[PDB]
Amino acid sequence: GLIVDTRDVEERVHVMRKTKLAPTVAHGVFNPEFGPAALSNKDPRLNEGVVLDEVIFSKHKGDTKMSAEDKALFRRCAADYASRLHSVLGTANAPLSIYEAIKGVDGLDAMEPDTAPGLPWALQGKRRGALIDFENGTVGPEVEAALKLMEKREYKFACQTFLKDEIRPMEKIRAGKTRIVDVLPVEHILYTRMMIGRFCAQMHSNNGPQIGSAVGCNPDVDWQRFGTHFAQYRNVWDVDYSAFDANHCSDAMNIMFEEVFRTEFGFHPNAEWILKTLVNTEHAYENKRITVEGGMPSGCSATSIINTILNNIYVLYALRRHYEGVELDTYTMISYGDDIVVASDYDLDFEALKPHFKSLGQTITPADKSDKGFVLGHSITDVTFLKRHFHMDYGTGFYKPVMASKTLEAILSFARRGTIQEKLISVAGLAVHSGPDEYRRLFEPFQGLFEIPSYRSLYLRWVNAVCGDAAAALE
């Protein structure tokens, strides 16, 4: 995005600044090239003469401005993708009730308590539970005040910038490339789910290539569905972006909101409005008041979906801007926010597309980062998606989501105090696809210390999960 105003205020919005991630016994055994993010300017492990607060905002390199022709083209791609999208999902996008927005529906999880509620409930020492009733599905005084202020299209807000306390590669840590979360007010989040929560629900349960979205998928069972789809195509590309979230330009955002969330598709008129309030935002990080034009706030509750929608339009736009007669069936794809797999029987040159993507302020890059650029002939078994490869299971003949063993080591090395046991069982479900020998090795350090699920129990669980027929095809 484009920063238009840095300014200082003495009501400090303080951030966290040390990690919750204590090492585990796995740490000493594996010695991973990973560790907690850098949360303090004083962090020893940070390269000398690097201040945490500046590199944070180096992602805002400008808000790309598009020509009248490129905008008309983008609008067509947005309208075409929107056409596909609503054709699959239907047009029953009437506002969710407050109860339904709090508690969720089929396809949409309930809103969370115990997480941040944003501003200025941080400035009033007010906690999520104090504003809304999560079991009752009801709201309090000022949030209802703020609710019917957004009806009236007035709503003053700022984003609260947090530092993401997470495991990162040791280099990102010495470089101080700590990721950030923009926590919006809880009234913003719930209203957004009132405006578009029914649509998001439909997206989740209809995830797949046809809508180009994996948001709400279950990789354990859906890898078979996705893998077999992309195996049918002659070319498969693993496309990476540089700072996808931050580089959504004002023109692309506004136009996608205008084309996707129209009232003719059964949205309330305020769906477009509430989404449009994410374009020019207000970030109370570090020295509080920083104003940004362009880019998507990293974290809203519809971020994954919005980043997915834009990703789908970006690809259509880039291809149409280089080739002629490019339509939605010219290629296939699936994405999850910035993460994307593309495939086609056409021999599309993603190296030539680079500038066309750059007209949107987006920089595409091959996943390898080697060769010299995008090559052809790659298949579904060469790519990473949701940090998972596609591999064939020997026993079933299904695709399984395999994670890099060194990534699993990193995840197994650090954990919050008192959660290790739960985290192991959780991570066991991920590691089971790495095969029995590597599974045994990854969980060696916890032998006789924590309960470790047997490889066989999770394999049988997974087999039935992929489809009961396979599990029943035995015995």
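Start at 1 with the first residue shown and count on from there.
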| property | result |
| --- | --- |
| Segment of higher mean CA temperature factor, 191-199 or 139-147 | 139-147 |
| Higher-B stretch (mean Cα B-factor, as the entry records it), 307-315 or 323-331 | 323-331 |
| Per the PDB entry, maximal CA B factor within 241, 230, 336, 155 | 155 |
| Residue with highest C-alpha B-factor in the PDB entry, from 216, 129, 269, 219 | 129 |
| Residue 28 by Cα B-factor - lowest, middle or highest third of the modelled chain | highest |
| For residue 385, the third of its chain into which the C-alpha B factor falls | lowest |
| Residue 65, C-alpha B-factor rank within chain (lowest, middle or highest third) | middle |
| Entry-reported Cα temperature factor of residue 15, expressed as the chain third it lands in | lowest |
| Chain-wide C-alpha B factor ranking for residue 369, given as lowest, middle or highest third | highest |
